[PDB]
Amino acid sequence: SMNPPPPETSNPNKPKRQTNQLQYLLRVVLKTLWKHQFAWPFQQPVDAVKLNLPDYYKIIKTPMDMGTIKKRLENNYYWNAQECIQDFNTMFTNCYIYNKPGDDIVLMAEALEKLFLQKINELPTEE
């Protein structure tokens, strides 16, 4: 069995910014979700080998996880907040697309997503 290469977290020729909205996405959004009791399935790329999900990457073609997002934020990979927000939304959507409706992992994603939406609702104005 095999996993794909993980998503990109470093690219020296991608232009980058450090901004107050991106700072909020690390300090408030990522940190809030990371510490949650249901974060663990989402803290690293899905390991389809260890988890015995041989069809995962047959179904999910845009993988994303909070480990990747954390690295992107810490290594200032993004230009804007919308790129990062999109990564969170991709992660949640993948979970809902792959899993059977009602499963434990879906409930976990929903709990994280509720907090995500609450924090993004108060994304600060650009300075």
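The term rigid core refers to the most C-alpha atoms you can superpose between the two forms while keeping them within 1.5 Å. One rule holds for the numbers: they count along the sequence shown, beginning at 1.
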Is 11-19 or 112-120 the stretch whose C-alphas end up farther from this model in 8 other deposited structures of this protein after a rigid core fit? 11-19
Between 97-105 and 34-42, report the one with more C-alpha displacement in 8 other deposited structures of this protein relative to this form after a rigid core superposition. 97-105
Between 55-63 and 98-106 (mean CA B-factor, as deposited), the higher: 98-106
Mean Cα B-factor comparison, 12-20 or 112-120, giving the higher one as deposited: 12-20
Looking at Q86, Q43, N75, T32, which one carries the largest C-alpha B-factor according to the PDB entry? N75
